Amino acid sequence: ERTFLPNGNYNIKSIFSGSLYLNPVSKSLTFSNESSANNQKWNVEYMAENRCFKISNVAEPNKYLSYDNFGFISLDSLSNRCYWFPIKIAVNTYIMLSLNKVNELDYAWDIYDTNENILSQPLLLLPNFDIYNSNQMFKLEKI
């Protein structure tokens, strides 16, 4: 019993495009063309004890979406920086907050755009204020 973001594999897209899929490029995360490879698939698991979600890459199931000390989202081993508190603002559309306060504020996934173009942009972690910032909106779609 849980209708809110059930466990399983998802594709992660930005709200700016329906054809760009999240995947690790080098040590960064970016949205690229569909590849049908395991690296564009993400296992979303609920952590009941800490009341959050952890998201791992299918190609590397031991690496989770996290963040470094430079404001970038990263793929690394499990830690409290891998703990996300999703806010569902529409059908399959979420804002991804870090569970813990970062710099004494709510921080969220953030993809920069140039007139709705997000090619070659890295996914970042930036302050969040509300549910109206498109750059902090992402679609998680099974399966």
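Position 1 is the first residue in the sequence shown; the rest follow in order.
The deposited model assigns a higher average Cα B-factor to 32 to 40 than to the other stretch when 32 to 40 and 103 to 111 are compared.
The entry lists C-alpha B-factors for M96, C52, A90, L65, and the highest of these is at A90. Compared with the other modelled residues of the chain, the Cα B-factor recorded for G18 ranks in the highest third. Among the modelled residues of its chain, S120 has a C-alpha B-factor that falls in the middle third, as given in the PDB entry. When the modelled residues of the chain are ordered by their C-alpha B factor, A59 lands in the highest third. Compared with the other modelled residues of the chain, the Cα B-factor recorded for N135 ranks in the middle third.
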